[PDB]
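Secondary and tertiary structure notes
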Amino acid sequence: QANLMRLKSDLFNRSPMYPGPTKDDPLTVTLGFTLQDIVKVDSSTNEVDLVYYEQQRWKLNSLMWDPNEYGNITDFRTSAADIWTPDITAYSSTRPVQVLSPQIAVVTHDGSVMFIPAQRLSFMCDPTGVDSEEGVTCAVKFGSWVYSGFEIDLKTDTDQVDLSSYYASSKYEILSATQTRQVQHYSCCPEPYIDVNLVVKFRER
Amino acid sequence: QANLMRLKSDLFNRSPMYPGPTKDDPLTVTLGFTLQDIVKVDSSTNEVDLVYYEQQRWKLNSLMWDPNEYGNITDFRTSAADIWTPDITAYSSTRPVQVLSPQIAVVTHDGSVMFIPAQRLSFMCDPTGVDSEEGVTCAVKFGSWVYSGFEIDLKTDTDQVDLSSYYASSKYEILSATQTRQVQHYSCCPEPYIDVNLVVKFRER
Amino acid sequence: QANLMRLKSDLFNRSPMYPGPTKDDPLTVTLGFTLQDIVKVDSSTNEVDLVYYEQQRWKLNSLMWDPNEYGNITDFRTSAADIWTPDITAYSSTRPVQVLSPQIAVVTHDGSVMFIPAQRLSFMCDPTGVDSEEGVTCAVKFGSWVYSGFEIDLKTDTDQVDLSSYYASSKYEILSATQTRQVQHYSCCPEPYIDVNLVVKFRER
Amino acid sequence: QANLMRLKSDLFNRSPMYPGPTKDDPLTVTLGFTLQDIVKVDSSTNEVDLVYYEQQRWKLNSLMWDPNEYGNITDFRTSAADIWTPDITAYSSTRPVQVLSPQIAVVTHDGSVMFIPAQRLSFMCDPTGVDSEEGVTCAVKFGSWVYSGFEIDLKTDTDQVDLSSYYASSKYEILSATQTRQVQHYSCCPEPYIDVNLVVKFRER
Amino acid sequence: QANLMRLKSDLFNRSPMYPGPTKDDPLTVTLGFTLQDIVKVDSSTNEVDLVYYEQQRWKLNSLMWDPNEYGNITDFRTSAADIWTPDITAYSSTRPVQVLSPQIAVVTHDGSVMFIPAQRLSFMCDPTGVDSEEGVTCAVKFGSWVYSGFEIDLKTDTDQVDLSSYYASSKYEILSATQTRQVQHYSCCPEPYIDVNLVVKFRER
Ligand SMILES: O=C(O[C@H]1C[C@H]2CC[C@@H](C1)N2)c1ccccc1
Ligand SMILES: O=C(O[C@H]1C[C@H]2CC[C@@H](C1)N2)c1ccccc1
Ligand SMILES: O=C(O[C@H]1C[C@H]2CC[C@@H](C1)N2)c1ccccc1
Ligand SMILES: O=C(O[C@H]1C[C@H]2CC[C@@H](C1)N2)c1ccccc1
Ligand SMILES: O=C(O[C@H]1C[C@H]2CC[C@@H](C1)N2)c1ccccc1
Ligand SMILES: [Cl-]
Ligand SMILES: [Cl-]
Ligand SMILES: [Cl-]
Ligand SMILES: [Cl-]
Ligand SMILES: [Cl-]
Ligand SMILES: [Cl-]
């Protein structure tokens, strides 16, 4: 019990906190989605609501430690306030994201951080033709708001979204769901900005 | 009056706070539900609202004390911010939980903590056939979001939900309410996670 | 001006804060209600909204002072964060209470504290027969959530609710409003709990 | 640039903050109202919503300074957190006030403070006869909740509300708007309380 | 990594924070708008909702640094709390602005700051004749609430609003969108106040 207390004190209280990634010291964030439900569809304003949980995984050299020196400790859970977290944002959002999970992450001895946030997102989607047998398709882009491609890079373990936890008695059934990596070029800035496209094809009843 | 002041100072201000349970030092939480009302039912989005107060108790060796040394003090009330609390979360939730009770807990000399939070939860539930004499059945699982089975375990004193405080003039009548223990395996993670399944069978009038 | 500054410094900054009442050192809280309006009535969910301001006074030996020593100061206003406040809660609520007044209280040299919070409460009430000449009757109980009868007692100066500030052009007119002290017994615990039952008889127009 | 930095440091960081007005050291707050819009009218609950920006100015001897000593500085803008602010509250409110302007005030060398908060208030108002050519009249009171007349007093520069900034294409047209001072006597307390009565006469179309 | 840490410590922790612009030391803030969607239109209350992200850039002599002294660092990302930000406010707003982007800005060695906040604003707009081929026109002014013309001056790089990121399948199509600089004279104050008028002409389908 005392060994875990001194590990946290040596990592956070002793050393100064991480000031984000540089173009000289970049970072790579692994992502992945778990779709749970398509709760609401509004035809009069063209905005659809989703319930899901995202995967936020990365590695830091500052968070590395030897388990033998701290009594065979391999990993530990800590508050999200104690460590740095990436600024992944949904671009086509209409209303601010509602958090449905605690703000805790888990760190491993190799310096790898794991954070899984539960969310309710309202985004821009035209649902014309949801009643037909063919269905309707909608998409949303996720990525850093401030960091470019030279500071933060995104990767996906699989291109298929996990639907094993999707709500059986939902008002809308999923036909296809994919998570694919993209490289954007905005008119504002010459620097490219990497993102992940969440594409969902759904139909009524 | 001075004896209670020095007990709190010796426990919190002197000793460092608990860093959560480890696989070497696990914890067991006792969970219990008191259903008060089924306030709203939405057919167009399949989401139902419940009013209830949950029961959560655990024991810690750090919170133990001798009553004779502190002037025969057996127990005391303290703010939830002063102590560690488990991360019990509802999985099938659609919107964030609303707290309806103060953030206070009561600690005993044996190191046992008692916390009773009042909540209003909106979760995924298809209410097709609530008007019928047979009624409709719905469920929701509660458990830790970050800690696995090796770190946190759950237990229930009884499998029957307390309906002695249920609202008499409610729009819906309860037919059966049960709180049963479960051990889950998710597609994400090899570690098994323990939860409590709340199952309610209700009907109109 | 300097005399009021040193009085607050001697009471709060010098002495440690009150750790709540004990079974050896109990407290008695005086409670009052001033009904202002019955703003909303929902028939589909059986929940009613009230606008009112509650009265709460209690005395503490720690907050006592001599006026002659601090330049004839009899009383002073201070933030609710600087002092201890009772955990009075409404039991039959469906949604969290909305505060409509500042978080300030007034303390007197005898150690008596005065706190008057303005609130908007939505509680459980069946409004069937509000349109009739007879009207409809509803009740809500206010009491401590954590402290038992041996720790906190409740008393009322009068059993008649103050309706002198009730809204004249309201959609609902009051026929009778009473505040009475009652002792509850919960199956959970052997300790009895005290509350104040707010009973209101109202009619449409 | 350095002169403004040392002025703020000498006033706030050096001297202790103002503990509010006393019966020995009173304060007078000048109030004003600029009506912008009557956005919503609810007939089923008798509650009307207004968009406006309130004016409040007071003087403090502690905030006085010599401009020649600090490089000809006459005034400066500062956060509302850095200084004391009066507890002006709307009495007939139904839901909490929404702030629509930044929390900044401007202080002058004579110790005079200027604060202009933009608000959206929902208050008690019966709108029966708004569709009539005569229109409907409603009123709301503003004043201190805790300090009485002997501590804080209120005054108005003019009795006519500023409608020069009122929304032209609004659903409701103003017929008359006045701001008048009052002295209210409460049964609770011996000290009388001062307020300002905002009376508005409006009609539909 | 250590070079970026000592740069932030030398700029913020060592030197006192900027106390805003003076009439002796004024500031010029460049403003821009990127319209994304016209999500909702309410005819019963005359209030329209927009989704967009604002551009704001200014320069400060205090935030200047030599890149060679800190290991060739040209720029860095930092929290909006660490630096001063202008008080740009929408005047015709009906409800508080919702933030849809992280609170981070990017500072360059020349002392130039870049801040891009994503927002959802509800403002006063009469939508009578949106169904017609001609459409309907609406405007909203943006500018400082406390600082005048002598302290803060606003400028625009172009008078044409960026519609390259506007939602294709929106319920309303844009006919014209312009951002123009204005100098307003209010009845309250002899001081002139500068704003940017955002004028949008839109039609249904
Ligand atoms: O930096 C900018 O926008 C940032 C980068 C990318 C593009 C949008 C979002 C936030 N991610 C910017 C700078 C000047 C003008 C417009 C946008
Ligand atoms: O750890 C994860 O999710 C946690 C554990 C369990 C499962 C959901 C909830 C939160 N409780 C995770 C790890 C990789 C991918 C997806 C989820
Ligand atoms: O202590 C408990 O509930 C408290 C005391 C009383 C009864 C409700 C409310 C909060 N006031 C409790 C403890 C275990 C199981 C059930 C209730
Ligand atoms: O102090 C009180 O109410 C305050 C003063 C005035 C009246 C209402 C509002 C708040 N302004 C009080 C004290 C005991 C009993 C009733 C009211
Ligand atoms: O200073 C004032 O209002 C400020 C300046 C401008 C005008 C509105 C908004 C906020 N910007 C004021 C001062 C006395 C009476 C009314 C308004
Ligand atoms: Cl949390
Ligand atoms: Cl609380
Ligand atoms: Cl407050
Ligand atoms: Cl602010
Ligand atoms: Cl943020
Ligand atoms: Cl208009």
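Cut-off values and rules
Residues numbered from 1 in each chain as written, not as in the entry; some residues may be left out. Chains lettered and ligands numbered in written order. Heavy atoms only, no water. Contact = heavy atoms within 4.5 Å. Buried area = accessible area lost by both parts, 1.4 Å probe. Salt bridge = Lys/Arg side-chain N within 4 Å of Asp/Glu carboxyl O. Polar contact = N/O pair within 3.5 Å; in protein donor to acceptor, adjacent residues only side chain to side chain. Helix = DSSP H or I, 4+ residues; strand = E, 2+ residues; numbered from the N terminus. Nonpolar A, V, L, I, M, F, W, Y, C, P; charged D, E, K, R; others polar. Least-squares fit on C-alpha atoms.

Per the deposited record, the coordinates in this entry were obtained by X-ray crystallography to a resolution of 3.65 Å.

For the rest of this paragraph, the subject is the interface of chain B and chain C. Facing the 25 residues of chain B at the interface are 29 residues of chain C. Summed over both partners, the interface of chain B with chain C comes to about 2,300 Å²; 56% of that surface belongs to carbon and sulfur atoms. Inspection of the chain B/chain C interface yields 3 salt bridges. The shortest N-O distance in the salt bridge between B:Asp49 and C:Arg95 comes to 3.8 Å. At the boundary of chain B and chain C, one finds 8 residue pairs in polar contact. Counting residues per element, the ones that place at least two in the side of chain B that touches chain C are helix 1 (2–14), strand 1 (27–42), strand 2 (47–59), strand 5 (93–99) and strand 8 (118–124) of chain B. The leading source of residues in the side of chain B that touches chain C is strand 1 of chain B, at 4 residues. The residue makeup of the side of chain B that touches chain C, split by class, is 12 nonpolar, 6 polar and 7 charged.

Rotating chain B by 71 degrees and translating it 0.0 Å along the rotation axis places it on chain A, where the RMSD comes to 0.2 Å. A rotation of that kind, with that shift, is consistent with a five-fold axis.

In this structure, A:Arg205 takes a positive phi of about 50 degrees despite not being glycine. Structurally, A:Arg205 is set in the segment after strand 14 (193–204).

Let's shift gears to the interface of chain B and chain A. Across the contact, 31 residues belong to chain B and 28 residues belong to chain A. Around 2,400 Å² of area is buried between chain B and chain A when both sides are counted, 55% of it from carbon and sulfur atoms. Three residues stand out in chain B for area buried against chain A, namely B:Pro19, B:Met124 and B:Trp145, and they jointly supply 26% of the buried area on that side. At the junction of chain B and chain A, the tally comes to 2 salt bridges. With a closest N to O distance of 3.8 Å, B:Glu47 and A:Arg120 form a salt bridge. In this assembly, chain B and chain A are joined by 10 residue pairs in polar contact. No other element matches the 4 residues that strand 5 of chain B contributes to the side of chain B that touches chain A. Of the residues contributing to the side of chain B that touches chain A, the split by class is 12 nonpolar, 11 polar and 8 charged.

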